[PDB]
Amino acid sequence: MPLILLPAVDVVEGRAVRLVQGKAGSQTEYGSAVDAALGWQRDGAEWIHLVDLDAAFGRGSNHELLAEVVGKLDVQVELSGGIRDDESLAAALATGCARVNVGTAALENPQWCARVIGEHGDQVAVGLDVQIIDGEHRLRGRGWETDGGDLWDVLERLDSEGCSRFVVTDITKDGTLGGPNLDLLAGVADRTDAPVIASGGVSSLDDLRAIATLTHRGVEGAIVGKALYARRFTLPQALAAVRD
């Protein structure tokens, strides 16, 4: 089965934006979130990775707009950002999205996260936001502002709890067009039976072909942000590339 592509729509104040390594001063803007989402759908997206960046950064919410976007889309939505308790989880799922991602909550409230995993199964994936410094793989929460512990210990815990799916980002590569971290992706995929979704750094069609070589090891999909918005390549080119 080919690598699934998930065009990203990261939302700040109703707008589709990109950042370089999550920094405030690096923001590029690409029109309304709804137009971005419908545009990728028109180009053939099977999935949209829809993120509330304001919620992720704890500075506000785009929930009502995101609910409208999910409602308007025919294709499947992976919704993320600020899902950290029973209210926010239920509100996300009530949009009718295909699944959600929790990130910070896996680091800060492992007990809640385990119970959510146990009751929601395939509708909840966990985002692992990784920073590697001197070979030390650390997780980051709260818009990458906090340390969330050792990647490998947390990965094993979530795997033992029956976590359905992992979304793995190298925060150093995110929004850089510097290429994906194939070693990190393989490392995670080899240490869980759960499918892995690659996120961050894709810069070319060759980058997608490289990720596609990991599909047999557990890398089921790839989230693509900047490369699409910055027009490095088109979605149909990308869809064709993961098959060639």
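In this text, residue numbers run from 1 along the sequence as written.
If you average the C-alpha B-factors over 105-113 and over 161-169, the higher value belongs to 105-113. Per the PDB record, of the two stretches 211-219 and 38-46, 211-219 carries the greater mean B-factor over its C-alpha atoms. Taking the deposited Cα B-factors for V124, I132, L89, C97, the highest one is held by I132.
For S26, the recorded CA B-factor ranks within the highest third of the chain. Only modelled residues enter the ranking. The PDB entry assigns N181 a C-alpha temperature factor belonging to the middle third of its chain's modelled residues.
Among the modelled residues of the chain, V77 sits in the lowest third by CA temperature factor in this PDB entry. Among the modelled residues of its chain, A240 has a C-alpha B-factor that falls in the lowest third, as given in the PDB entry. When the modelled residues of the chain are ordered by their C-alpha B factor, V202 lands in the lowest third.
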